[PDB]
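> I am attaching a structure below and will ask some questions about it afterwards.
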Amino acid sequence: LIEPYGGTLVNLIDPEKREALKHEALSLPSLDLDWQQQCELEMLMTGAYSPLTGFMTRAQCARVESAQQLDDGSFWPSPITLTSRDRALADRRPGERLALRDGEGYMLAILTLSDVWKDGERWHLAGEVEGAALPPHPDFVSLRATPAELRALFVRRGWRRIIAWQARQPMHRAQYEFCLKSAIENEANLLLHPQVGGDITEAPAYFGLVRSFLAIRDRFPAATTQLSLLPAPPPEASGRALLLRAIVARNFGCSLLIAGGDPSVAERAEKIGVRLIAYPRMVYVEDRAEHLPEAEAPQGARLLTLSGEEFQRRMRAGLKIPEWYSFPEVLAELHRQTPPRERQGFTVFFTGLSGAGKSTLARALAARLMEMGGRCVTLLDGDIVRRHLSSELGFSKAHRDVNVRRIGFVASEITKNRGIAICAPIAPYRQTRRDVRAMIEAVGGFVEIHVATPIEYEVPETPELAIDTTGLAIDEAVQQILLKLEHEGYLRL
Amino acid sequence: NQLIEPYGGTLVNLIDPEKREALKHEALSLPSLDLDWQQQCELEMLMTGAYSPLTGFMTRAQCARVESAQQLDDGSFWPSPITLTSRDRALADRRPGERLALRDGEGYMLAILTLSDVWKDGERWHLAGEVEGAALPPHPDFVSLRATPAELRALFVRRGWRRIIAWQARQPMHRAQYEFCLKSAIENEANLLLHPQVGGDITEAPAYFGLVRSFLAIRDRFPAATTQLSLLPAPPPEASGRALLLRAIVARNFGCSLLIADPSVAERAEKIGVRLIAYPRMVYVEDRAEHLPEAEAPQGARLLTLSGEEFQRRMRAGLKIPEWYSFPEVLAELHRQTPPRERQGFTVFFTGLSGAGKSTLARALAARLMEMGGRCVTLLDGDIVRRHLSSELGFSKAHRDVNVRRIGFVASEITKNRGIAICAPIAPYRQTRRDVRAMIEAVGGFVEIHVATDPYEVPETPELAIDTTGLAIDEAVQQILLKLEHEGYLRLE
Amino acid sequence: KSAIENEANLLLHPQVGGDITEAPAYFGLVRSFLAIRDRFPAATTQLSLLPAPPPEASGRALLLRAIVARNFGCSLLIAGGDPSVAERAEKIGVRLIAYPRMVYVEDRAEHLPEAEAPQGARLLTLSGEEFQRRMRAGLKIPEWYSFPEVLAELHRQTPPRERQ
């Protein structure tokens, strides 16, 4: 079992000293970390970065970017540093002790300041760290191991040589099949170690990632495979990031690392004692009914592939996915997370002047869409919106802007949750619409309809539909927009 | 036989397109009444011939004379007062002779009423007089399925139909009603008209959509050459004999000579020319693999039934529904409309004093619930609610009590749409917390959790009351996952 | 329902004691629990093994199990398959609830303790002497008796004569 980097596993959390620090801190200045820094903190506090034992100092940081060493001259690929943009850090200085805490003022550790500087919008901090508590993680308690916890697990399991796969996205049949043979080929056990860092409201995407792993885990040999979470954001790809991950891989117990989705890095890496194998172009080889690395496929066999730009496409569109691409379970899960247009939520946003046949159109369009079922329709317009959402706003510039975003917000929740929301507020500023559209476009479908001809300030320069022509009965206009939705893909059988 | 002719002898039509432009013009210069959704139904029924010979709303004398001798001025038979109401103060100073513009809820003009009589009863105003129609209530939805008595009669005539049983459904049809219609039709050598009552508003009472959809779902189980589906624009009445006699009259005006629903009304009914057959207790007779009226079942055969109380219950709980009871399609459809608790939306509403523990619990509870997928979770608490819901709100008696409802509203939309909403605002008034609970309980699941660990007001009836004071977050969180698990709202693979 | 009724989490704690060659029957027991575990609420249920032979039934054995239940963390114990014992037990701080005659109540599509079933409802049962019989013989098992997974597992362990 490959022993920790530096030789011994760091642990910045001594319980004794713990009641200790909660104690000393009531009386200190405090920084509220953003979600990614708490990751970094947790990684450090927890030994993922052994031998490190505090955040690096501008000199140490600079010295990494050059010789890639610590003060020992020991090898270290990349700067571990604590940031923030709080304006309460501009008046702090070395020697001072800082309380570190979660976004909700929950106390994690005290930083003893080594160095303090700014570069760009944001502040950097340095110093030894003493930890009281780890970031609270109510979710996936079982699946979350510290490097120490995971190592212990490996030891009960009798494991020793271990390939790790530090996924940043869901796994289908090609990665699955390649992991399987990498593990047989290197006589290794397999650790599925998905990067999981996020927050319950700025970054809640990790939940789906975890769920897509839970979905296919049973496809894996039980005696040979382990699933655990790696609390960190995925890094950006660089030889440098890669070498760090190798290090945290080592600190977790793994002596092999898969990387994929040059001579130097291989070079250093197989130094720090972790062999990293690369992920090749996998092709489905129909003549053999299995995926192979492209270069191992037999001559003139027909090879079969499916791009992501294409997978994603078929998924949005309800198209057929080949049986050899992924498993039914994963597919079913990816569809519970991100539905086909056919089945996803969307808001219909009417814009124009108080030739507010807007309202009349909106009501009629509601009625029609209600014939469908499957998705619930809400009309955000008259009584409803006064009564509940802007019970009393003025007619100020910003008051109306706020309204408008108010409605874009409630709309976004309706659509995030797979409903259809229909809105026709007064909105004259391209910008404020642009924000509403982005808000809801993130979480589902947005269809702007610009009413110009008065179906019987700033022009939308890019609607989905512009009811253009002059004599147009409600019926004809309504139809015209059911035509858009039908063509845009949102309606259903 | 033949096609039963209209009651009174000839089919009323209060809409002369020849006088249509003149009416839309005259109206502009008139006082106007905006009708509620049910009066527009009454108007549409009258305007359209469903109540032939009637040709205007009855007058206090005529109304009184119906409740007595059940006659018109002719002395012809008429079961029940047809009358137009409004709860509009602007009606108190209006008088016979005046002409009134009748309009839908959005000021769309329908007809002018020439006032015969104007009087008040309790909370509402009654109106009387001949009616001249311009337009019918706008109905974007189910255009195909909506026929006027004249349109329907014309249809019947192309279909070559003569003798017709009508079923004026007010609720979905399962195998018993279906099987009994089939035999009533064979037994009376009649064609069958499924005529579900459909009156509501896109918001006021958008329940009819489900009703129609449940009919569309099972229509294919019906013989094509013998069955017709059409909508009957009206609210279901409240069960009476005059009322039942009215429905018989509108059944007659639509073309039907038989009505399923006495029997001294089957007395007056047979009289105006429409035979009304009664719906018996249907039982599933295993010994015959078919439903029979209870009194026709063989003796000592095992009879099988399923109350609505019990159907409902099984549906809300995920329990098995017999196969003789319904059809897969209808079941599937009733489940898309009203899901099992397992799968339906619900808000978790934390209440207590400040009540930072409230917020902490709420966030933890959100994280846990997010492990589950299927339903999306939204935390309506901190930044979120400020930013978009209440950025601008005093601390008034009525500005905190608007903030709360504000959040009950957004929450209701989340849950209506099958999501879970988690809220922990400051709310000290029972009453306001009751209104919120009713608002969301209408559309889904509401679970109050009273965190007990101006002047506050301890909840008198929470679902869960966390008392014990030495509680860790984890223990409390669990304690509420218990409440939810036991209340039925949780599910898993 | 015991767990909802007592506002309690649930611990499935099968007795597992044996040897790999004189007593290898516990493997199947464990496997029949693994088979149906997913039918249980995850946030509310735990499966763990209790290394011991099952005892022989006696008020005395029962009180011991209550004790080991307590030592494991459990404050409630189900017993089933008198006033004294209840008496002592609820002393040592562990409430033991008894396992009643469960009947399948077709009028309600669910099992109820016999005494809670509605009047004149048809009740449905299946003895073990009868289950075991149908299993040896390839006969039909009612859908309301057990789950497909468990059945499938019991058949991988002990096949019909047809197949043994």
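By order of appearance in the structure tokens: chains A, B, ..., then residues from 1 within every chain, and ligands from 1 in the order shown.
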Tell me as number ranges by chain which residues belonging to chain B come within 7 Å of chain A, counting only C-alpha atoms.
B: 140-141, 202, 209, 336, 364, 367-368, 371, 374, 376, 388-389, 406, 409-410, 413-414, 417-419
> Keeping only C-alpha atoms, write the selected residues as a PDB file, in the first residue's frame.

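What landed in selection_36.pdb:
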```pdb
ATOM      1  CA  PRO B 140     -58.933  28.221 -27.295  1.00  0.00           C
ATOM      2  CA  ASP B 141     -58.926  24.750 -25.789  1.00  0.00           C
ATOM      3  CA  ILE B 202     -58.004  28.708 -17.007  1.00  0.00           C
ATOM      4  CA  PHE B 209     -58.685  19.757 -18.381  1.00  0.00           C
ATOM      5  CA  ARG B 336     -50.037  12.074 -14.285  1.00  0.00           C
ATOM      6  CA  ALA B 364     -29.006  20.406   6.080  1.00  0.00           C
ATOM      7  CA  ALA B 367     -28.673  18.601   1.237  1.00  0.00           C
ATOM      8  CA  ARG B 368     -30.165  15.257   2.308  1.00  0.00           C
ATOM      9  CA  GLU B 371     -29.431  12.890  -2.667  1.00  0.00           C
ATOM     10  CA  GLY B 374     -36.628  12.627  -9.195  1.00  0.00           C
ATOM     11  CA  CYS B 376     -35.781  19.040  -7.530  1.00  0.00           C
ATOM     12  CA  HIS B 388     -35.549  38.337  -5.643  1.00  0.00           C
ATOM     13  CA  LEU B 389     -38.511  38.115  -3.334  1.00  0.00           C
ATOM     14  CA  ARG B 406     -44.929  35.727  -0.877  1.00  0.00           C
ATOM     15  CA  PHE B 409     -46.784  31.435  -3.107  1.00  0.00           C
ATOM     16  CA  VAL B 410     -43.449  30.680  -4.728  1.00  0.00           C
ATOM     17  CA  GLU B 413     -45.643  26.827  -7.488  1.00  0.00           C
ATOM     18  CA  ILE B 414     -42.607  24.671  -6.771  1.00  0.00           C
ATOM     19  CA  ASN B 417     -45.001  21.317 -10.268  1.00  0.00           C
ATOM     20  CA  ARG B 418     -43.724  18.253  -8.379  1.00  0.00           C
ATOM     21  CA  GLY B 419     -40.719  19.789  -6.663  1.00  0.00           C
TER      22      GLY B 419
END
```
> Give me every strand (DSSP E or B) residue in segment 158-201 of chain B, going by DSSP on the backbone, as a list in words.
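Of segment 158-201 of chain B, only residues 164, 165, 166, 167, 191, 192, 193, 194 and 197 of chain B fall in strand (DSSP E or B).
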> If you count only C-alpha atoms, which residues fall within 7 Å of segment 65-79 of chain C, apart from same-chain ones fewer than 6 positions away, as a list in words?
residues 93, 94, 95, 96, 97, 98 and 99 of chain C
> Could you list, as a list in words, every residue within 10 Å of residue 469 of chain A, counting only C-alpha atoms and ignoring same-chain residues fewer than 3 positions away?
residues 451, 452, 453, 454, 455, 466, 472 and 477 of chain A
> Write to file, as a compact mmCIF listing (two decimals), in the first residue's frame, the residues of the selection just made, with N, CA, C and O atoms.

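That gives us part26.txt:
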```
# COMPACT_ATOMS: atom_id res chain seq x y z
N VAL A 451 -44.58 40.55 -29.80
CA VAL A 451 -45.82 40.95 -30.42
C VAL A 451 -45.70 42.35 -30.97
O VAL A 451 -45.56 43.30 -30.22
N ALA A 452 -45.73 42.49 -32.29
CA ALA A 452 -45.57 43.79 -32.94
C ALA A 452 -46.81 44.23 -33.64
O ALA A 452 -47.48 45.15 -33.20
N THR A 453 -47.13 43.59 -34.75
CA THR A 453 -48.41 43.83 -35.35
C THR A 453 -49.24 43.69 -34.13
O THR A 453 -48.88 42.92 -33.27
N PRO A 454 -50.31 44.44 -34.00
CA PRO A 454 -51.08 44.40 -32.78
C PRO A 454 -52.01 43.26 -33.06
O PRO A 454 -53.00 43.47 -33.71
N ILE A 455 -51.68 42.07 -32.57
CA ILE A 455 -52.54 40.93 -32.81
C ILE A 455 -53.92 41.43 -32.38
O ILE A 455 -54.13 41.78 -31.23
N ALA A 466 -41.76 36.47 -33.88
CA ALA A 466 -42.23 37.85 -33.96
C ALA A 466 -43.56 37.87 -34.71
O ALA A 466 -43.57 37.79 -35.93
N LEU A 472 -54.78 39.61 -37.49
CA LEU A 472 -54.44 38.30 -36.99
C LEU A 472 -55.34 38.06 -35.83
O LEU A 472 -55.16 38.64 -34.79
N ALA A 477 -52.91 33.80 -34.34
CA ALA A 477 -51.67 34.09 -33.61
C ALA A 477 -51.30 32.93 -32.69
O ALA A 477 -50.16 32.50 -32.68
```
> I need the contact residues of chain B against chain C, so if you could list those with any atom within 8 Å, counting only C-alpha atoms, and return them as number ranges by chain, that would help.
B: 310, 314, 319-320, 478, 481-483, 485-486, 491-493
> As a PyMOL selection string, please: every residue in chain C that a backbone DSSP assignment puts in helix (DSSP H, G or I).
chain C and resi 2-5+26-39+42-44+59-72+83-92+114-116+128-137+148-157+161-163
> Determine, counting only C-alpha atoms, which protein, DNA and RNA residues have an atom within 12 Å of an atom of residue 253 of chain A; residues of the same chain fewer than 6 positions away are not included. Present the result as number ranges by chain.
A: 1-5, 8-9, 47-48, 145-155, 159-164, 189-191, 193, 246-247, 273-274
> What's the 12 Å shell around residue 101 of chain C, counting only C-alpha atoms, without same-chain residues fewer than 5 positions away, as a CSV table (one decimal) with C-alpha atoms, in the first residue's frame?

```csv
chain,number,residue,atom,x,y,z
C,80,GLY,CA,-41.8,-13.2,17.0
C,81,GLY,CA,-42.1,-16.2,14.7
C,111,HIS,CA,-50.9,-6.8,5.5
C,112,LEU,CA,-52.3,-6.0,8.9
C,113,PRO,CA,-52.1,-7.5,12.2
C,114,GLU,CA,-55.0,-9.9,12.3
C,115,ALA,CA,-56.7,-8.0,15.1
C,116,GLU,CA,-56.6,-4.7,13.2
C,117,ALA,CA,-58.2,-6.1,10.0
C,123,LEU,CA,-58.1,-12.4,5.0
C,124,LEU,CA,-55.3,-14.3,3.2
C,125,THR,CA,-52.4,-16.3,4.7
C,126,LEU,CA,-49.9,-18.9,3.6
C,127,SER,CA,-48.3,-21.3,6.0
```
> Could you tell me how far atom CA of residue 156 of chain C lies from atom CA of residue 48 of chain C, in Å and to one decimal?
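These two atoms are separated by 22.6 Å.
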> Neighbours of segment 456-460 of chain A within 8 Å (only C-alpha atoms; same-chain residues fewer than 4 positions away dropped), as a list in words?
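Contacts, in chain order: residues 351, 352, 357, 428, 429, 430, 450, 470, 471, 472, 473 and 474 of chain A.
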> Do you have the atom CA of residue 433 of chain B-atom CA of residue 404 of chain B distance handy?
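Value for the atom CA of residue 433 of chain B-atom CA of residue 404 of chain B distance: 8.0 Å.
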> Which value, in Å to one decimal, gives the distance between atom CA of residue 357 of chain B and atom CA of residue 429 of chain B?
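It comes out at 19.3 Å.
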